[PDB]
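Shown next, in C-alpha cells, is the structure this report addresses.
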Amino acid sequence: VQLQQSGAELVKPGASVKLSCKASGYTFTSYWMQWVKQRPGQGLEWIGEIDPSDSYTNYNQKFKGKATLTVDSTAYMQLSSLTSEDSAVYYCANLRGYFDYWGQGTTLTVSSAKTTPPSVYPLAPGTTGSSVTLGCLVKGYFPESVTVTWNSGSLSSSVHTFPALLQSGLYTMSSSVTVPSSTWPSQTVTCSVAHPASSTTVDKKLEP
Amino acid sequence: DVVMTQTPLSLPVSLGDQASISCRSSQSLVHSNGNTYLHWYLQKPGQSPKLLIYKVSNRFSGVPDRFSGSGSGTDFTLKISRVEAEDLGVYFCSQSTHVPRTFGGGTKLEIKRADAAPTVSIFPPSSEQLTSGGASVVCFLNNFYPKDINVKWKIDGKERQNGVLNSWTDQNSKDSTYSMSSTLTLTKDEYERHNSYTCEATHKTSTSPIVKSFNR
Ligand SMILES: O=c1[nH]cnc2c1ncn2[C@@H]1O[C@H](COP(=O)(O)OP(=O)(O)O)[C@@H](O)[C@H]1O
Ligand SMILES: [Zn+2]
C-alpha cells in the first residue's frame, strides 16, 4: 500500500491550494483518508477525514473552513486564505489500528518570494591525512528543497549534509564527503545538486 | 481537546540499555466500547511517522519485541529494552479515543556514547565564487561528541564575530556523533586584504583549542 503526494508547493499569501494523495495497493473505498499537519518544530495536528465510499467527511474544529476534502483513486485536501502559519508539511494517512500508512508529505511554503536557483561552489582543501574531506556549498536558493548527492548517490557512507539557513533572503547549505587520501584526486568525486522548484540539476567536479 | 503530555522531552541513553518514554492524557483514553486507543509512532528526520505500537501494546508489522507498550486510563509507557544506535529519533504517543485525534509533543532519543574529538577541515573560497565577487570560507567540524562545541573565526589573529553562519547535523544514527559547519562570508575585496584564515574550536576532549588555518 502506497500513498504518494506532491513533494512541495510554493504559494503566495491569500491564495488557495489543492494537495493530492493518490492511493494505491488497496481498496480506496474502505479505509478513511486522514490528513495531518506538521510544522518544523515537531508537533502534529489532526485536520480531518473522508470516506472514499461516501464522501462523508469529518473536520477538526480549528480547520473547519481552512481545509475541504474530496476524493475520486485519489484524495484531495484544499486549503484556503494561506498565511505564514500555513507553511507546513501536510500528510495524508490511513490510520486504522494495524492498518497505518502515511504519505511522504507535501511541504507547503507560503511566501511571496520568487524561486531562485542555487549557485554551487566546490570545496576542495587548500591535502594531508589518511582520508580527505571534500564538500559543496549550495548558496542562495528558494524555496528550501534541495538535494545533494555524491557520485549520483553511490558515494553515501561518509556524507554529512548540513541544514539550510537563511542568508540574506535565500537559503544556504553545505554537504561534505570523506574519501581515502589515495583516491583523490586520482578518482573524481562530483556533488549533484537538485533544486526541483527551479528545475535545476547541477553537477560539480571536485578538482584540487 | 484531549492533551497528551510526554516525559521526558529528551532522553540520553547508552547503547544496550533500556529506555522509558512516558505519555499522559488529560482525559481517560478508555472508550465506551472498552478499547483504549493510545498509539506510539517513531519519526526519523525527514521521514513520515511510522507506527510502533497501537492500542497500548500491540506491535505493528515487523516491529521487534524490544518495543513494548503499557499503561492504563491516562498513564502510558513505551519501553525499548535494548537501545540500538539506529533507534534515535522522536517518539510520539497519539490517541484516537476522543475526537479529534491528538498527538504528544515528542520525546527525542539521544544516544550516550564515548567522547570523540571533532575532525576539522577548512576550505578557501573557490575561484568560481571569488569570480562572482563573494568569498565564503568554510569549516567542517565532523564526528564529535558531546554536541557542545564552540567555533571561532580569526582573520590575521583578529576574531571575527559578524557574518558567520553555523549549522549542526542531528546525532548520526551510524556512529552517534554530531557534525557542524561554520561559514564566514566576505566580499572578494575584504578576503583579498588579509593573509591567514583560522577556524578554532574548543571542545571538552581538547583543553587546548583545535585550530585549522590556511594562509592565503
Ligand atoms: O481509532 C479509533 N477510535 C475510536 N473508535 C475506533 C477506532 N478504531 C476502531 N474504532 C471503532 O470501535 C470498534 C472496535 O474495533 P477495533 O477496530 O478497535 O478492533 P477490535 O474489534 O479488534 O477490538 C469499531 O466499531 C470501530 O469502527
Ligand atoms: Zn589582515
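No hydrogens, no waters, no symmetry mates; every other heavy atom, side chains included, goes into these values. Throughout, protein chains are lettered first and strands after them, A, B, ... in sequence-line order, and every chain is numbered starting at 1. We count ligands from 1, going down the list as the structure has it; atoms in each ligand are counted the same way.
Distances from atom 22 (O) of ligand 1 to the heavy atoms of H31(B), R96(A), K55(B) show the closest one on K55(B).
What sits closest to atom 3 (N) of ligand 1 on the protein, heavy atoms only, is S96(B) O, 2.6 Å. Scanning the protein heavy atoms around atom 12 (O) of ligand 1, the nearest turns out to be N33(B) ND2, 2.8 Å. At the shortest separation from atom 8 (N) of ligand 1 among protein heavy atoms lies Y37(B) CE2, 3.4 Å.
Between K204(B) and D148(B) there is no salt bridge, since no side-chain nitrogen of the basic residue lies less than 4.0 Å from a carboxylate oxygen of the acidic one. Using a cut-off of 4.0 Å between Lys/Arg side-chain N and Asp/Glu carboxylate O, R160(B) and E190(B) are scored as salt-bridged. In this structure, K37(A) pairs ionically with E85(A), as a charged nitrogen and a carboxylate oxygen lie closer than 4.0 Å.
Both tests hold for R216(B) against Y191(B): distance to the six-membered ring centre under 6.0 Å, angle to the ring axis within 45°.
Inspection of the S96(B) and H39(B) side chains reveals an N or O donor paired with an N or O acceptor under 3.5 Å.
Residue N35(B) has at least one N or O atom closer than 3.5 Å to an N or O atom of ligand 1.
For the pair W184(A) and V189(A), the minimum side-chain heavy-atom distance is below 4.5 Å.
With respect to the Zn ion (ligand 2), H194(B) has ND1 as its nearest N, O or S atom. Its N, O or S atom nearest to the Zn ion (ligand 2) is what matters here, and for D156(B) that atom is OD2.
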